[PDB]
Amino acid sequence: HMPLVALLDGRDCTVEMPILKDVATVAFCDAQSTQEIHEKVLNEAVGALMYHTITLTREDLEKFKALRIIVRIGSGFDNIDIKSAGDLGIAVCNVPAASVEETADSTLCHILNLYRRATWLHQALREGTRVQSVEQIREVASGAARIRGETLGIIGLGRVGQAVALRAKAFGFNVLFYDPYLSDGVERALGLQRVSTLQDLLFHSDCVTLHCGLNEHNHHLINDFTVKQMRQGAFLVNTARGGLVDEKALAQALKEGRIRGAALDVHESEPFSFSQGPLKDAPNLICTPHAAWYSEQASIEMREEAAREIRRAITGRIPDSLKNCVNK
């Protein structure tokens, strides 16, 4: 009895194999969608490993006859209808710890790139700009701002948010956060200021950074309405989920100068391109291809944890043996 475990949206299973070699038949599908998956896998697969590049609706889930557990190789699971998955008897789990600090470090890099304009200054030199005089330095580096005394607003004070807050303090940022699902008192433990509404957050924050999961109640959390609530010349950073931001509203804000700059590692439609979308001709923009998470150590770590979860499921009882089940 060697049940089938399938990596849906990937082609490499090397890291997972030594953890599943003796308890599972391991295959990959390199599929961007269900249509790309073989009937055999849909029919026989007892467990599934997936990243974020594929989405599983209830319809897509129904195509799995033997599937009993899904493990997201990552923390975000907005790409899975976990409630239905659970109704179908399919446990869904994630890997929340592997890339917390990598993601927090990327977030700070982006924040610092907006405040110090390092990436744009480098892009300009590549383009040929010559900066001889001090006058020119000020002109080309225009927009660069002193960080101390500035207020950083954190939306979602979880693992990454907390990691960001602690680093941000070391730069002299006054750190605020809005997280309506957290219990009373976390702000005291970490020496932070808390606000009760998103509007308060956006109103007092010079730089807004997103670190909340994408759920039923925060799609386009940043929109034409809430953008108007944001400070004039404010910064925006997103290393969480693209669906949190209406890129139409963000684009216009950037062109209008209502928002001085934005740094995005995630987008409404990924992969991102500078030639495709509302952000096409939008200025003062930094963008990275969902790589805030990445380091060799982290990638290996999350894949090893996911396989272990898969193994706990096959060898034990669902969902009692699971360490990171998000849909009990």
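A residue's number is simply how far along the shown sequence it sits, counting from 1.
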| property | result |
| --- | --- |
| Between the two ranges 165 to 173 and 75 to 83, the one averaging a larger CA B factor in the entry | 75 to 83 |
| Which of 178 to 186 and 155 to 163 has higher mean CA B factor, as the PDB entry lists it | 178 to 186 |
| Candidate set 148, 117, 110, 255 [ranked by C-alpha B-factor, highest] | 255 |
| Cα B factor band for residue 308 (lowest, middle or highest third within the chain) | lowest |
| Chain-wide C-alpha B factor ranking for residue 47, given as lowest, middle or highest third | middle |
| Among modelled residues of the same chain, the CA temperature factor third for residue 318 | highest |
| Residue 237 CA temperature factor, ranked by third within the chain | lowest |
| Assigned third (lowest, middle, highest) for the C-alpha B factor of residue 54 | middle |
